[PDB]
Amino acid sequence: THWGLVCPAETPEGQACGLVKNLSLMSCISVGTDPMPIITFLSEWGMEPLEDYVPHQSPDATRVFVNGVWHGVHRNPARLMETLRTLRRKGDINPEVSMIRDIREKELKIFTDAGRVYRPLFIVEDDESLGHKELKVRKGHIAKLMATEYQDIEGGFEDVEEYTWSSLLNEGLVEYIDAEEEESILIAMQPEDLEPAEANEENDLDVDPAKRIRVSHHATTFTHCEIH
Amino acid sequence: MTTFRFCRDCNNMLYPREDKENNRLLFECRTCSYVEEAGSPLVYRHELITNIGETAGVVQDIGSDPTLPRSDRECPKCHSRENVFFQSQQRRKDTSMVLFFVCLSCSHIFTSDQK
Amino acid sequence: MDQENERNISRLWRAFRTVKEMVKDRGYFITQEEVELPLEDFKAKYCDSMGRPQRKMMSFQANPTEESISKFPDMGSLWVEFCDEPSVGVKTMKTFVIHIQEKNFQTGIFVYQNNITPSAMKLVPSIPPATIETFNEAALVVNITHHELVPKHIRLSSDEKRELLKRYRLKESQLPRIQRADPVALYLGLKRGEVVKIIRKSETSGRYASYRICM
Amino acid sequence: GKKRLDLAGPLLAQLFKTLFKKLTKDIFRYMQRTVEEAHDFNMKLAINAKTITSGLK
Amino acid sequence: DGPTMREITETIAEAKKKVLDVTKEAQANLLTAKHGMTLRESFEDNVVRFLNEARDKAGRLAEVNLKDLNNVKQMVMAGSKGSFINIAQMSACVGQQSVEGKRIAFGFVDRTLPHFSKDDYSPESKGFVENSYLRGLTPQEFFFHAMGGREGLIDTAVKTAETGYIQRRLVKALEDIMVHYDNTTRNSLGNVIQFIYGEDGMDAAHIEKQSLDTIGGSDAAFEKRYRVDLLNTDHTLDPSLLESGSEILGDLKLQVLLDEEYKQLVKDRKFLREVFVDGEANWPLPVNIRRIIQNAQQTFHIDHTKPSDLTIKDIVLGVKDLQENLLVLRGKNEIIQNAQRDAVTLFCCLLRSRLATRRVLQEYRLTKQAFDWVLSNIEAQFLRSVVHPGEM
Amino acid sequence: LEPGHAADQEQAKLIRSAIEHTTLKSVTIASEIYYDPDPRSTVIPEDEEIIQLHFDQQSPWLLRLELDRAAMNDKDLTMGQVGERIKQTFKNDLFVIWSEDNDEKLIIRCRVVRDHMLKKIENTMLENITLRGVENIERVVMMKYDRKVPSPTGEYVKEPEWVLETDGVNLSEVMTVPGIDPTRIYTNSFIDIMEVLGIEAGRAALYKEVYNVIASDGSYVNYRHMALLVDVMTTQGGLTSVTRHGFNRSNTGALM
Ligand SMILES: [Zn+2]
Ligand SMILES: [Zn+2]
């Protein structure tokens with residue numbers, strides 16, 4: 001579970017080996033957020049309170065946990081999960097908040113406390129135009145980022161209003177994933193794995209014998225991609 | 001006890017007892033009598049091995065998990081070329097490595113234990 | 001019903017053979033033919049008509065004068081008795097003790113079947129200057145001294161012990177110690193203060209001799 | 001996913017909570033002492049400043 | 001070169017195919033379970049065995065392909081640094097990463113890394129590095145290698161302290177053991193723990209491994225190599241070996257001496273067989289007879305053609321005198337004499353084996369002066385190899 | 001095994017009947033406390049043919065056991081043997097009936113004549129009623145080892161033999177099992193070696209254990225050092241641990 005959070009082969013040798021750990025690059029720590037807006041959102045969208053919940057005549061109900069506190073049950077977990085994810089990607093909910101859904105355990109957990117370690121990740125969405133899953137970030141965003149990176153050195157006019165990392169987070173192209181959320185997502189090692197699923201299957205091709213031999217593209221249900 | 005007998009009155013469960021004179025086992029509550037014939041030979045069942053075909057909760061949203069691997073095994077009933085497979089959920093070394101295939105079209109669970 | 005009877009007969013025969021071997025190794029007179037007796041004529045000469053084992057199999061030692069009397073002039077006669085009742089109480093060993101007293105035997109060996117009481121154990125060390133030894137059939141099924149890891153143990157006389165102490169210029173406490181409850185010590189019937197010579201094979205020298213004193 | 005890291009956040013929060021609890025105890029003792037006559041907080045917080053600075057340092 | 005890497009890749013692919021076939025067989029419940037273990041343990045053992053065999057085969061192929069001018073290979077032959085496993089991991093393939101003696105455990109829920117699917121038992125997902133250091137490592141195998149290295153570092157860090165404490169305790173336990181002037185080892189209290197040091201009274205630094213020729217071999221070979229009869233002709237002695245040839249035949253004293261020596265030799269063989277059930281012949285012994293006889297052959301130039309000067313009586317008497325001259329206890333009473341006699345039984349057996357009359361008269365052809373020099377050197381070395389009293 | 005029956009797989013398998021096969025819990029699948037006041041009749045149609053064959057005496061409570069195919073090999077299809085073992089272990093007024101390997105569904109019927117009394121007796125029959133074997137033994141694995149037995153012609157040759165490896169330490173009772181060699185039985189635990197053997201045997205076992213410990217790194221240690229260590233550890237009549245409770249509790253000087 002230390003992948004992308006703490007640096008491997010960094011701990012000092014001796015009696016502190018494996019105890020003194022250093023944070024990896026592109027790793028942040030949440031500061032904490034009040035969960036009251038999330039509770040109000042859950043109640044408004046339709047969520048049975050725990051007071052009137054009975055386990056009988058309701059075997060498909062999924063328990064909802066906020067900051068480790070059981071608040072009620074939900075009969076339609078998938079739509080609630082989609083709505084919460086859309087709200088988080090739109091900036092309505094703080095990106096530091098982590099929401100995890102357990103399909104088999106029928107549990108939905110939301111954490112808004114502090115001390116959690118998260119790292120940014122790319123977002124993969126289905127593209128009907130290309131007929132296969134593709135990254136939500138395209139060449140236009142890269143061009144805008146490069147233009148705003150080259151603009152500050154020489155100054156200039158308003159340009160694109162300083163398209164920055166906050167703009168990427170607001171647009172939903174990049175989202176924060178902590179250790180808990182990594183338990184129910186599929187991550188592609190490189191964007192080159194987001195090719196068509198067939199990828200010219202059963203077609204022999206020549207490769208460089210001096211290059212690394214790798215195995216990938218075995219799954220077509222990718223949800224995230226590593227930045228690097 | 002495969003099933004638990006609950007008193008119709010109140011909500012406590014029923015102790016086992018024998019009528020002696022009638023030579024018939026009867027279940028009786030303690031808050032109230034609630035005497036009935038208790039026509040059930042089952043008094044106690046003990047289990048020692050894992051149940052065959054334990055599978056899991058197999059909720060209707062089992063196909064929405066992106067981490068579940070997919071295969072092309074033929075569905076016995078609907079003859080679909082798509083499904084999701086997972087191993088047994090028992091948490092010890094006694095279980096085998098059999099795979100349970102779940103079709104996302106007809107929600108039918110079929111195993112690969114050809115034997 | 002035949003399996004248990006055959007198992008008991010075989011165990012009793014093995015225990016009898018081990019007892020005979022122990023008596024022979026202790027320095028008494030036991031013929032080599034009696035040591036290795038076949039099961040068929042053992043059952044013919046013992047047990048009963050129906051095949052039930054019989055515990056009326058007792059022997060008396062002789063203390064041969066060839067080497068045993070010469071080495072230890074104060075060696076008497078030994079009586080070995082097998083208890084018939086399963087669990088030995090206090091009365092049965094009382095009869096055994098007064099039978100030993102009437103027959104003035106120097107040494108007596110009792111072999112119980114399953115268990116023995118603490119009061120029974122307390123009764124045992126009360127006959128001076130004689131000695132009473134208690135053994136278990138389960139422990140006597142297999143001879144310990146026949147194992148490949150058990151070297152030869154030879155008891156040393158008083159003169160030999162004195163000569164060894166004088167030659168090596170050692171005290172009694174300046175010797176390796178062996179517990180009185182050691183299986184080999186019980187096999188040899190070692191007393192307190194006796195010295196036993198141990199000969200074992202070595203990978204650096206062909207032979208090596210070591211001495212231990214019973215404490 | 002079941003462990004948290006304590007930055008210069010809740011640690012300083014706990015330190016300040018303990019210091020402020022000591023402050024509340026001291027000022028309550030002073031207020032109880034001053035029931036006879038007069039009540040001035042200008043000098044009652046010299047020890048407040050001393051404790052707040054000293055504990056943190 | 002290209003063909004070697006192609007062969008390595010083919011071997012790795014074949015191993016992966018075998019692993020996949022094993023997984024498919026196990027998933028269908030068609031794989032029998034070895035007695036004493038469950039299906040999972042047997043499956044894991046088969047997988048790790050296949051992976052290790054593939055890695056070893058690839059490493060052997062890479063080592064074979066390397067030429068004699070290779071610097072790493074040249075260092076390997078010299079033995080100064082490097083090994084076969086280093087060449088394998090550096091050129092052909094890295095071994096399967098293991099933590100706590102098993103493959104990479106499922107840190108996540110039925111997954112090793114978030115980039116894999118659930119219930120994936122393929123070797124790549126469980127920590128098999130099919131690449132090499134020269135080729136480079138993918139991120140997953142890089143993480144697995146980092147985990148293995150961390151486990152190794154933690155193991156050494158714990159082990160150094162544990163062995164240090166163990167060494168301190170062991171030193172404290174035996175810090176007062178003395179070898180005294182009576183060739184007995186005693187503690188501070190004077191209690192005797194060993195009546196003779198090492199059961200032989202020999203210094204550790206003056207012992208060399210030697211082979212006993214009597215224990216090994218067959219009965220016919222032993223008789224041919226040792227039995228000599230001056231009356232019959234089956235094992236007769238060549239008269240040209242010694243100057244007294246054609247005259248020792250028909251004698252009775254020489255014949256009885258020879259058969260007494262043969263009886264002693266077969267008794268020694270029986271004793272050695274009883275002592276060593278496995279029949280091992282290479283055992284450490286104080287004095288190296290072979291070096292002494294080789295030196296005595298190099299000096300006092302042996303013609304290898306002229307008849308020898310030694311007689312049977314001279315050889316037998318010299319051997320007996322050498323046996324009697326070995327002192328390790330120097331006592332007068334019966335007990336010390338017996339201890340000295342039985343503390344040199346192995347050395348006496350070796351000396352009898354290496355100084356037989358037939359061996360001297362056929363292979364180690366020496367003269368009377370050479371034989372006397374050999375005996376004196378053996379006695380001096382044996383007396384100088386005794387443990388000095390007062391050693392800790 | 002015995003020297004005569006050394007390379008005999010069948011003899012090794014027969015001797016392997018010393019592992020404690022545990023109670024019926026190792027072979028049963030379920031247990032029932034079915035109530036039936038009728039002694040000679042039962043409500044279960046399956047348990048009727050055996051009652052017909054069979055037919056302070058009436059038992060209103062009935063207890064049933066169901067086994068599986070694991071008894072065919074581990075228990076060598078001991079159909080009546082388990083019933084006889086239950087009879088001897090319980091006795092008193094315990095009415096137990098076992099199917100004679102005839103019906104596919106094997107039922108071990110049990111009854112007792114004088115509902116909580118059935119539970120305790122069933123629990124006791126579940127864990128501490130041994131059928132066959134030696135206690136403190138749970139896994140025996142057969143191996144084919146090679147021994148350098150001298151040839152009749154004089155040379156030394158490798159003679160393969162069957163060796164039984166056990167995961168338990170009960171050598172006090174294992175040595176009494178017929179068909180094995182009591183003069184060659186070895187245990188890696190030297191603590192209980194001198195319980196049945198002598199102190200010298202314990203010292204030899206300890207030396208062998210130490211030599212096996214220093215065997216894998218490839219380092220060679222002279223015999224004198226290890227012999228001295230094991231002699232110091234066994235100077236008295238028992239094991240003397242290298243700790244504060246072992247060699248420390250001696251008569252040496254207080255300062256040292
Ligand atoms: Zn009621
Ligand atoms: Zn289907």
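First listed ligand is number 1; within each ligand, the first listed atom is number 1. Within every chain, numbering begins at 1; the chains are lettered A, B, ... in the order of the sequence lines, protein sequences first and strands thereafter. When reading the values below, keep in mind they use all heavy atoms of this one structure, side chains included, and skip hydrogens, waters and symmetry mates.
For the pair A:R104 and B:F86, the distance from NZ or CZ to the six-membered ring centre is under 6.0 Å and the angle to the ring normal is within 45 degrees. At least one cation-pi condition fails for E:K34 and E:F43: the charged atom is not both under 6.0 angstrom from the six-membered ring centre and inside a 45 degree cone around its axis.
Near-neighbour remark for the Zn ion (ligand 2): protein N, O or S atoms under 2.8 Å are B:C75 SG, B:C78 SG, B:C103 SG, B:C106 SG; waters not counted.
Angle subtended at the Zn ion (ligand 1) by B:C29 SG and B:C7 SG: 110°, rounded to 10 degrees.
For the side chain to side chain donor-acceptor pair (under 3.5 Å) with E:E44, the qualifying choice from E:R49, E:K126, E:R103 is E:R103, the only one to do so.
Note: E:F106 and E:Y121 meet the aromatic proximity criterion, with ring centroids under 6.0 Å apart. Here A:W45 and A:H74 keep their ring centres 6.0 angstrom or further from each other.
Between A:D102 and A:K106, no side-chain nitrogen of the basic residue sits less than 4.0 Å from a carboxylate oxygen of the acidic one, so the salt-bridge criterion is not met.
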